[PDB]
Amino acid sequence: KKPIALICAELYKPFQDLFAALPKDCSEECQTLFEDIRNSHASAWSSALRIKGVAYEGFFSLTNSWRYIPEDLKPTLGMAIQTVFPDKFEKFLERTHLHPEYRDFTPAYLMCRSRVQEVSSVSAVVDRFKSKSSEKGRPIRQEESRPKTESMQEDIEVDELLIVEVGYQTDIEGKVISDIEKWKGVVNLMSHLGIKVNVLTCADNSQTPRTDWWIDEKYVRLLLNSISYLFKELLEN
Amino acid sequence: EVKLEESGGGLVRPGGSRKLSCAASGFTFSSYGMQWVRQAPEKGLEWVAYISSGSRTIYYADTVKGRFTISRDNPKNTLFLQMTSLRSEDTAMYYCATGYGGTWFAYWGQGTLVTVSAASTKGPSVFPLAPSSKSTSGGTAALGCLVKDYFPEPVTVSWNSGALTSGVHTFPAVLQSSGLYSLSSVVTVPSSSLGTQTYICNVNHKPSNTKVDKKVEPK
Amino acid sequence: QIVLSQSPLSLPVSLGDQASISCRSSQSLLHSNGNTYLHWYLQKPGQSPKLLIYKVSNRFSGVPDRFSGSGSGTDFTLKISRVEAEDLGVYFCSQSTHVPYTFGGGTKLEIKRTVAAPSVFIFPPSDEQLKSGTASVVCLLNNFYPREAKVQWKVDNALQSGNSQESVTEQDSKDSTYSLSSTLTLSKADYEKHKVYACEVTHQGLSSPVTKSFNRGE
């Protein structure tokens with residue numbers, strides 16, 4: 001009973017509040033996609049999908065004080081090895097001839113420890129996810145490279161990468177389980193290169209209590225009163 | 001000076017528990033991984049656990065997994081080992097150690113002895129090993145004490161309250177099938193001193209608050 | 001697990017000579033961070049272990065320079081350039097490249113000395129013990145070298161089995177010898193049914209096996 005144009009109207013104030021709190025390239029993108037929705041039920045759905053995730057990933061960057069990287073400028077695995085572990089990068093090509101798809105894997109966040117974005121403590125991140133998971137039962141999956149059964153060491157430091165996977169989908173467990181299965185092969189590859197990498201993965205959905213997401217509640221309200229409402233109104237009308 | 005002082009050992013029944021502590025001094029304890037290692041009597045060294053400096057990484061020997069917990073209170077400069085479901089094969093000396101910048105064992109404590117056993121604390125029976133012609137060679141006579149059926153370990157033997165150390169051999173204790181220990185302590189002395197000199201062995205068994213002073217005389 | 005093989009099991013060394021102890025690793029100890037975590041420790045008799053060398057060849061602070069280490073991959077050696085009396089003890093190689101951290105089984109360094117036959121003494125049961133219904137007979141092999149010795153009990157010329165136990169001191173720090181006790185335990189009753197209690201000692205420092213015996217009554 002409501003035409004696309006009318007829906008984008010009723011959801012103008014809820015959406016202005018969304019673009020206001022996002023990072024620039026995030027607000028800027030989610031704004032283009034909302035004008036393709038106003039000028040769109042399929043094509044509109046397709047754009048409202050990308051806003052759902054791009055907006056979540058900007059609030060995720062905000063919550064964790066990380067940097068929002070638009071997909072066009074996210075690094076691949078081969079890019080992180082090339083820059084961060086150049087002495088092994090050629091060997092990172094040899095062992096990836098039967099699985100060259102590995103080279104272009106592109107997570108939401110490809111971090112490395114302060115010698116690809118840089119983070120203070122890779123271990124401090126993994127513990128904050130493990131803490132929330134344990135305290136709120138929020139499904140996460142984590143993996144860590146480990147050549148043979150090697151021990152950590154206190155007399156030398158090593159470069160290391162952090163691979164984060166986030167997502168705003170209704171099947172949370174399936175996403176974390178499917179994310180961890182995709183990085184599993186490359187994690188085993190890193191073990192055989194002597195490269196220390198950690199893979200995190202998590203997901204929220206709109207049924208999660210607002211006080212228990214991976215983004216602050218203030219950003220949950222912003223997401224619910226907009227991207228979600230627009231989706232309800234998009235199926236109804 | 002770096003120092004690690006363990007406490008917490010003693011007797012423990014099979015299946016029982018115990019908590020070992022280790023006090024660190026002489027270095028910024030909060031910045032370094034700490035370890036437990038043990039040594040069963042008359043045996044080699046066996047690593048027990050490692051804990052990182054902020055407790056994020058913990059490693060366990062396969063033989064203590066699910067029974068031992070390692071932890072630390074950094075503002076208190078202390079390292080712990082909670083031991084549970086103990087077996088007789090856990091009988092060992094337990095040491096805390098650190099690398100002070102590595103995973104090698106650079107600094108060790110003096111160790112604390114943990115005995116896991118159902119034998120009751122018993123003081124020794126102390127019998128004399130009399131000088132005779134069957135213990136004489138040349139001008140030298142051997143005599144001694146037989147310290148039998150005591151438990152658990154630590155016993156200290158001395159002769160004439162420690163004045164007599166030359167020639168003294170105190171043997172390692174043998175764990176007997178009864179669960180109790182026994183040993184012998186011997187000393188060689190000049191044969192000319194039999195009759196004139198008084199030989200008395202002093203057995204101290206602190207776990208049973210037992211002190212025994214046996215005189216050894218020729219038969 | 002990483003098994004570390006130490007050879008030899010024991011190493012007799014004369015004062016002033018060199019010593020080499022060998023540690024073979026079941027897998028490489030090269031860690032992916034570039035270091036090799038192979039370490040050497042001395043445990044003197046009665047004390048807690050002491051670190052000698054860490055990371056293959058770094059001598060620990062305060063350690064005398066007669067101690068050195070070399071090697072790579074799976075093959076490692078500890079050298080004592082010139083042996084001192086104090087170096088008596090058991091030497092351990094340890095690895096911390098891999099979890100579980102592991103030790104070799106230890107090489108006992110003994111100080112070489114001239115051969116010394118044991119002085120062989122025997123002690124009948126005390127009257128105090130025979131009243132408690134048991135009879136221990138002690139046989140003492142005092143101040144001998146090298147350590148190889150065979151001690152057997154014979155009662156009325158019948159070899160005994162299952163009723164005796166033996167203890168041996170560490171190598172004396174001053175004169176470098178060993179002492180050994182053997183204790184034969186019979187019930188007071190069993191002790192009363194026999195006459196001759198003998199102790200037979202075999203050592204390379206004796207011209208022949210020595211039987212030190214006594215007769216009960218006397």
# chains A, B, ... in the order shown; residues from 1 in each chain; ligands from 1
>>> residues_around(residues="residue B:97", least_positions_apart="4", cutoff="8 Å", atoms="only C-alpha atoms", output="PyMOL selection string")
chain B and resi 4+34-37+105-109
>>> select_by_dssp(residues="stretch 45-153 of chain C", states="strand (DSSP E or B)", output="PyMOL selection string")
chain C and resi 50-54+58-59+67-72+75-80+89-95+98+102-103+107-111+116+119-123+134-145+150-153
>>> interface_residues(of="chain A", to="chain C", cutoff="7 Å", atoms="only C-alpha atoms", output="PDB file with C-alpha atoms, in the first residue's frame")
ATOM      1  CA  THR A 149      53.536 -27.737  18.965  1.00  0.00           C
ATOM      2  CA  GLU A 150      55.731 -24.622  19.444  1.00  0.00           C
ATOM      3  CA  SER A 151      55.673 -22.552  22.643  1.00  0.00           C
ATOM      4  CA  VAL A 158      57.416 -11.717  16.081  1.00  0.00           C
ATOM      5  CA  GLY A 194      56.095 -20.012  10.643  1.00  0.00           C
TER       6      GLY A 194
END
>>> atom_distance(atom1="atom CA of residue B:155", atom2="atom CA of residue B:204")
5.7 Å
>>> interface_residues(of="chain B", to="chain C", cutoff="8 Å", atoms="only C-alpha atoms", output="PyMOL selection string")
chain B and resi 44-47+59-62+103-111+127-130+134-137+142+169-174+184
>>> write_last_selection(atoms="N, CA and C atoms", output="mmCIF file, in the first residue's frame")
data_model
loop_
_atom_site.group_PDB
_atom_site.id
_atom_site.type_symbol
_atom_site.label_atom_id
_atom_site.label_comp_id
_atom_site.auth_asym_id
_atom_site.auth_seq_id
_atom_site.Cartn_x
_atom_site.Cartn_y
_atom_site.Cartn_z
ATOM 1 N N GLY B 44 64.704 -38.019 37.419
ATOM 2 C CA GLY B 44 65.030 -36.840 36.650
ATOM 3 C C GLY B 44 64.052 -35.699 36.871
ATOM 4 N N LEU B 45 64.269 -34.624 36.126
ATOM 5 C CA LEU B 45 63.408 -33.457 36.194
ATOM 6 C C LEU B 45 62.220 -33.606 35.247
ATOM 7 N N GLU B 46 61.053 -33.146 35.693
ATOM 8 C CA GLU B 46 59.850 -33.237 34.885
ATOM 9 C C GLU B 46 59.075 -31.934 34.973
ATOM 10 N N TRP B 47 58.883 -31.280 33.828
ATOM 11 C CA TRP B 47 58.178 -30.010 33.760
ATOM 12 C C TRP B 47 56.702 -30.200 34.079
ATOM 13 N N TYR B 59 50.316 -23.513 29.931
ATOM 14 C CA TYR B 59 50.664 -24.815 29.397
ATOM 15 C C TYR B 59 50.748 -25.820 30.534
ATOM 16 N N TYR B 60 50.400 -27.077 30.233
ATOM 17 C CA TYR B 60 50.404 -28.171 31.201
ATOM 18 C C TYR B 60 51.095 -29.395 30.618
ATOM 19 N N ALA B 61 51.877 -30.071 31.460
ATOM 20 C CA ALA B 61 52.284 -31.444 31.194
ATOM 21 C C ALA B 61 51.052 -32.334 31.036
ATOM 22 N N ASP B 62 51.090 -33.231 30.046
ATOM 23 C CA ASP B 62 49.936 -34.088 29.789
ATOM 24 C C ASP B 62 49.534 -34.875 31.030
ATOM 25 N N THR B 103 62.009 -18.723 28.449
ATOM 26 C CA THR B 103 61.285 -19.911 28.870
ATOM 27 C C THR B 103 62.214 -21.004 29.410
ATOM 28 N N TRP B 104 63.506 -20.702 29.562
ATOM 29 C CA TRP B 104 64.443 -21.570 30.241
ATOM 30 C C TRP B 104 64.306 -21.352 31.740
ATOM 31 N N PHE B 105 64.843 -22.289 32.525
ATOM 32 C CA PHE B 105 64.741 -22.255 33.984
ATOM 33 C C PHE B 105 66.018 -21.627 34.524
ATOM 34 N N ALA B 106 66.019 -20.288 34.566
ATOM 35 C CA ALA B 106 67.200 -19.549 34.992
ATOM 36 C C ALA B 106 67.315 -19.534 36.506
ATOM 37 N N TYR B 107 66.200 -19.342 37.200
ATOM 38 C CA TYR B 107 66.145 -19.246 38.650
ATOM 39 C C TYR B 107 65.188 -20.295 39.187
ATOM 40 N N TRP B 108 65.584 -20.939 40.273
ATOM 41 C CA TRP B 108 64.819 -22.008 40.889
ATOM 42 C C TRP B 108 64.681 -21.732 42.377
ATOM 43 N N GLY B 109 63.633 -22.266 42.970
ATOM 44 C CA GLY B 109 63.552 -22.283 44.409
ATOM 45 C C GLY B 109 64.246 -23.502 44.968
ATOM 46 N N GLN B 110 64.231 -23.594 46.286
ATOM 47 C CA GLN B 110 64.846 -24.732 46.935
ATOM 48 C C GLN B 110 63.961 -25.952 46.872
ATOM 49 N N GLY B 111 62.733 -25.803 46.410
ATOM 50 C CA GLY B 111 61.806 -26.918 46.293
ATOM 51 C C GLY B 111 61.055 -27.157 47.587
ATOM 52 N N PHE B 127 68.199 -48.576 65.907
ATOM 53 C CA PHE B 127 68.956 -49.668 66.494
ATOM 54 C C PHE B 127 70.454 -49.471 66.265
ATOM 55 N N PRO B 128 71.292 -49.931 67.187
ATOM 56 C CA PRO B 128 72.732 -49.690 67.074
ATOM 57 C C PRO B 128 73.453 -50.758 66.268
ATOM 58 N N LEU B 129 74.460 -50.307 65.518
ATOM 59 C CA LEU B 129 75.296 -51.195 64.716
ATOM 60 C C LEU B 129 76.657 -51.256 65.414
ATOM 61 N N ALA B 130 76.860 -52.307 66.208
ATOM 62 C CA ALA B 130 77.898 -52.304 67.230
ATOM 63 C C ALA B 130 79.281 -52.498 66.612
ATOM 64 N N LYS B 134 84.327 -57.874 63.520
ATOM 65 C CA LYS B 134 83.767 -58.017 62.176
ATOM 66 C C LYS B 134 83.496 -56.673 61.480
ATOM 67 N N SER B 135 83.836 -55.538 62.121
ATOM 68 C CA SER B 135 83.725 -54.208 61.524
ATOM 69 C C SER B 135 85.029 -53.428 61.687
ATOM 70 N N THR B 136 86.144 -54.134 61.869
ATOM 71 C CA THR B 136 87.452 -53.526 62.055
ATOM 72 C C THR B 136 88.342 -53.854 60.869
ATOM 73 N N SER B 137 89.071 -52.846 60.392
ATOM 74 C CA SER B 137 90.127 -53.022 59.397
ATOM 75 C C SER B 137 91.313 -52.177 59.828
ATOM 76 N N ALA B 142 84.283 -49.518 62.146
ATOM 77 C CA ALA B 142 83.016 -48.972 61.679
ATOM 78 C C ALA B 142 81.928 -49.241 62.703
ATOM 79 N N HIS B 169 78.789 -41.744 56.722
ATOM 80 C CA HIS B 169 78.011 -42.039 55.530
ATOM 81 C C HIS B 169 76.586 -42.308 55.968
ATOM 82 N N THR B 170 75.674 -41.410 55.605
ATOM 83 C CA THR B 170 74.258 -41.619 55.868
ATOM 84 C C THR B 170 73.579 -42.027 54.570
ATOM 85 N N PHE B 171 73.065 -43.236 54.534
ATOM 86 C CA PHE B 171 72.629 -43.707 53.237
ATOM 87 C C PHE B 171 71.251 -43.161 52.874
ATOM 88 N N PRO B 172 70.993 -42.993 51.588
ATOM 89 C CA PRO B 172 69.616 -42.785 51.115
ATOM 90 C C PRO B 172 68.622 -43.773 51.714
ATOM 91 N N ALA B 173 67.435 -43.264 52.025
ATOM 92 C CA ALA B 173 66.349 -44.123 52.481
ATOM 93 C C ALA B 173 65.821 -44.997 51.341
ATOM 94 N N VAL B 174 65.401 -46.204 51.698
ATOM 95 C CA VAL B 174 64.721 -47.116 50.786
ATOM 96 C C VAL B 174 63.234 -47.130 51.130
ATOM 97 N N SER B 184 70.366 -46.510 56.971
ATOM 98 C CA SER B 184 71.441 -46.721 57.912
ATOM 99 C C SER B 184 72.412 -45.561 57.791
#
>>> interface_residues(of="chain A", to="chain B", cutoff="12 Å", atoms="only C-alpha atoms", output="VMD selection string")
chain A and resid 122 to 124 126 to 128 130 149 to 157
>>> residues_around(residues="residue B:177", least_positions_apart="4", cutoff="12 Å", atoms="only C-alpha atoms", output="short mmCIF file (atom, residue, chain, number, x, y, z; two decimals) with N, CA and C atoms, in the first residue's frame")
data_model
loop_
_atom_site.label_atom_id
_atom_site.label_comp_id
_atom_site.auth_asym_id
_atom_site.auth_seq_id
_atom_site.Cartn_x
_atom_site.Cartn_y
_atom_site.Cartn_z
N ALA B 119 50.13 -44.06 54.10
CA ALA B 119 50.85 -44.51 55.31
C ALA B 119 50.70 -43.43 56.37
N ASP B 149 61.71 -47.99 59.60
CA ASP B 149 60.23 -47.84 59.64
C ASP B 149 59.76 -46.46 60.10
N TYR B 181 59.85 -45.92 55.31
CA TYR B 181 61.24 -45.81 54.92
C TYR B 181 62.16 -46.36 56.00
N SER B 182 63.37 -46.72 55.58
CA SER B 182 64.46 -47.04 56.50
C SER B 182 65.78 -46.62 55.88
N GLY C 162 65.09 -61.84 47.79
CA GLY C 162 63.81 -61.27 48.23
C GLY C 162 63.77 -60.78 49.66
N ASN C 163 64.91 -60.74 50.34
CA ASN C 163 64.86 -60.39 51.75
C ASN C 163 65.94 -59.36 52.09
N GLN C 165 67.91 -55.40 50.85
CA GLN C 165 67.85 -54.17 50.09
C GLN C 165 69.17 -53.43 50.24
#
>>> atom_distance(atom1="atom CA of residue B:113", atom2="atom CA of residue B:9")
5.1 Å
>>> residues_around(residues="residue B:18", least_positions_apart="6", cutoff="10 Å", atoms="only C-alpha atoms", output="count of residues only")
14
>>> decode(residues="stretch 14-37 of chain B", atoms="N, CA, C and O atoms", output="PDB file, in the first residue's frame")
ATOM      1  N   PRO B  14      46.228 -40.245  48.907  1.00  0.00           N
ATOM      2  CA  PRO B  14      45.842 -40.475  47.509  1.00  0.00           C
ATOM      3  C   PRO B  14      44.437 -39.968  47.262  1.00  0.00           C
ATOM      4  O   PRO B  14      43.539 -40.180  48.075  1.00  0.00           O
ATOM      5  N   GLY B  15      44.257 -39.256  46.153  1.00  0.00           N
ATOM      6  CA  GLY B  15      42.985 -38.624  45.856  1.00  0.00           C
ATOM      7  C   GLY B  15      42.793 -37.259  46.476  1.00  0.00           C
ATOM      8  O   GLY B  15      41.830 -36.562  46.116  1.00  0.00           O
ATOM      9  N   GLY B  16      43.677 -36.847  47.383  1.00  0.00           N
ATOM     10  CA  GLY B  16      43.557 -35.578  48.055  1.00  0.00           C
ATOM     11  C   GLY B  16      44.108 -34.435  47.230  1.00  0.00           C
ATOM     12  O   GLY B  16      44.469 -34.571  46.059  1.00  0.00           O
ATOM     13  N   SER B  17      44.193 -33.281  47.882  1.00  0.00           N
ATOM     14  CA  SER B  17      44.571 -32.044  47.222  1.00  0.00           C
ATOM     15  C   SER B  17      45.617 -31.299  48.039  1.00  0.00           C
ATOM     16  O   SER B  17      45.936 -31.659  49.179  1.00  0.00           O
ATOM     17  N   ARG B  18      46.169 -30.272  47.407  1.00  0.00           N
ATOM     18  CA  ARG B  18      47.192 -29.440  48.070  1.00  0.00           C
ATOM     19  C   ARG B  18      47.423 -28.198  47.214  1.00  0.00           C
ATOM     20  O   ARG B  18      47.237 -28.263  46.003  1.00  0.00           O
ATOM     21  N   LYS B  19      47.785 -27.104  47.862  1.00  0.00           N
ATOM     22  CA  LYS B  19      48.108 -25.879  47.114  1.00  0.00           C
ATOM     23  C   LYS B  19      49.539 -25.471  47.448  1.00  0.00           C
ATOM     24  O   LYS B  19      49.858 -25.310  48.619  1.00  0.00           O
ATOM     25  N   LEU B  20      50.360 -25.338  46.418  1.00  0.00           N
ATOM     26  CA  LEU B  20      51.751 -24.900  46.609  1.00  0.00           C
ATOM     27  C   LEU B  20      51.865 -23.428  46.223  1.00  0.00           C
ATOM     28  O   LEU B  20      51.238 -23.019  45.252  1.00  0.00           O
ATOM     29  N   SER B  21      52.614 -22.670  47.013  1.00  0.00           N
ATOM     30  CA  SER B  21      52.851 -21.272  46.723  1.00  0.00           C
ATOM     31  C   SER B  21      54.337 -21.046  46.522  1.00  0.00           C
ATOM     32  O   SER B  21      55.188 -21.817  46.970  1.00  0.00           O
ATOM     33  N   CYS B  22      54.629 -19.934  45.880  1.00  0.00           N
ATOM     34  CA  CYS B  22      55.992 -19.533  45.631  1.00  0.00           C
ATOM     35  C   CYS B  22      56.020 -18.019  45.696  1.00  0.00           C
ATOM     36  O   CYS B  22      55.278 -17.354  44.968  1.00  0.00           O
ATOM     37  N   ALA B  23      56.864 -17.493  46.580  1.00  0.00           N
ATOM     38  CA  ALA B  23      57.047 -16.065  46.747  1.00  0.00           C
ATOM     39  C   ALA B  23      58.266 -15.639  45.939  1.00  0.00           C
ATOM     40  O   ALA B  23      59.340 -16.226  46.075  1.00  0.00           O
ATOM     41  N   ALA B  24      58.087 -14.647  45.072  1.00  0.00           N
ATOM     42  CA  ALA B  24      59.175 -14.086  44.289  1.00  0.00           C
ATOM     43  C   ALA B  24      59.641 -12.753  44.870  1.00  0.00           C
ATOM     44  O   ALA B  24      58.836 -11.943  45.337  1.00  0.00           O
ATOM     45  N   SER B  25      60.952 -12.528  44.833  1.00  0.00           N
ATOM     46  CA  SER B  25      61.533 -11.248  45.219  1.00  0.00           C
ATOM     47  C   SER B  25      62.777 -10.983  44.384  1.00  0.00           C
ATOM     48  O   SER B  25      63.450 -11.908  43.932  1.00  0.00           O
ATOM     49  N   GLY B  26      63.075  -9.709  44.174  1.00  0.00           N
ATOM     50  CA  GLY B  26      64.298  -9.324  43.504  1.00  0.00           C
ATOM     51  C   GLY B  26      64.160  -8.961  42.050  1.00  0.00           C
ATOM     52  O   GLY B  26      65.169  -8.713  41.390  1.00  0.00           O
ATOM     53  N   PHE B  27      62.944  -8.936  41.528  1.00  0.00           N
ATOM     54  CA  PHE B  27      62.688  -8.623  40.135  1.00  0.00           C
ATOM     55  C   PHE B  27      61.222  -8.248  40.026  1.00  0.00           C
ATOM     56  O   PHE B  27      60.417  -8.565  40.906  1.00  0.00           O
ATOM     57  N   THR B  28      60.891  -7.547  38.947  1.00  0.00           N
ATOM     58  CA  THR B  28      59.502  -7.186  38.718  1.00  0.00           C
ATOM     59  C   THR B  28      58.700  -8.425  38.286  1.00  0.00           C
ATOM     60  O   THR B  28      58.593  -8.742  37.095  1.00  0.00           O
ATOM     61  N   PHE B  29      58.140  -9.125  39.283  1.00  0.00           N
ATOM     62  CA  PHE B  29      57.502 -10.427  39.101  1.00  0.00           C
ATOM     63  C   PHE B  29      56.427 -10.403  38.032  1.00  0.00           C
ATOM     64  O   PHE B  29      56.199 -11.414  37.362  1.00  0.00           O
ATOM     65  N   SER B  30      55.753  -9.266  37.864  1.00  0.00           N
ATOM     66  CA  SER B  30      54.575  -9.161  37.018  1.00  0.00           C
ATOM     67  C   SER B  30      54.891  -9.222  35.529  1.00  0.00           C
ATOM     68  O   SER B  30      53.958  -9.241  34.710  1.00  0.00           O
ATOM     69  N   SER B  31      56.165  -9.252  35.153  1.00  0.00           N
ATOM     70  CA  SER B  31      56.549  -9.138  33.756  1.00  0.00           C
ATOM     71  C   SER B  31      57.077 -10.430  33.181  1.00  0.00           C
ATOM     72  O   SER B  31      57.589 -10.423  32.063  1.00  0.00           O
ATOM     73  N   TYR B  32      56.996 -11.530  33.916  1.00  0.00           N
ATOM     74  CA  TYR B  32      57.746 -12.707  33.530  1.00  0.00           C
ATOM     75  C   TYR B  32      56.907 -13.951  33.744  1.00  0.00           C
ATOM     76  O   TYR B  32      56.164 -14.060  34.726  1.00  0.00           O
ATOM     77  N   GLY B  33      57.023 -14.878  32.806  1.00  0.00           N
ATOM     78  CA  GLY B  33      56.373 -16.149  32.977  1.00  0.00           C
ATOM     79  C   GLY B  33      57.045 -16.945  34.073  1.00  0.00           C
ATOM     80  O   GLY B  33      58.261 -16.898  34.253  1.00  0.00           O
ATOM     81  N   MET B  34      56.240 -17.695  34.802  1.00  0.00           N
ATOM     82  CA  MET B  34      56.709 -18.565  35.862  1.00  0.00           C
ATOM     83  C   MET B  34      56.283 -20.002  35.583  1.00  0.00           C
ATOM     84  O   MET B  34      55.312 -20.262  34.861  1.00  0.00           O
ATOM     85  N   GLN B  35      57.025 -20.934  36.185  1.00  0.00           N
ATOM     86  CA  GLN B  35      56.918 -22.359  35.886  1.00  0.00           C
ATOM     87  C   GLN B  35      56.977 -23.186  37.167  1.00  0.00           C
ATOM     88  O   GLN B  35      57.542 -22.758  38.186  1.00  0.00           O
ATOM     89  N   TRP B  36      56.389 -24.384  37.107  1.00  0.00           N
ATOM     90  CA  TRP B  36      56.616 -25.429  38.100  1.00  0.00           C
ATOM     91  C   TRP B  36      57.295 -26.607  37.418  1.00  0.00           C
ATOM     92  O   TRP B  36      56.983 -26.941  36.272  1.00  0.00           O
ATOM     93  N   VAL B  37      58.250 -27.210  38.124  1.00  0.00           N
ATOM     94  CA  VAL B  37      58.959 -28.405  37.688  1.00  0.00           C
ATOM     95  C   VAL B  37      59.006 -29.306  38.909  1.00  0.00           C
ATOM     96  O   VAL B  37      58.945 -28.826  40.038  1.00  0.00           O
TER      97      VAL B  37
END
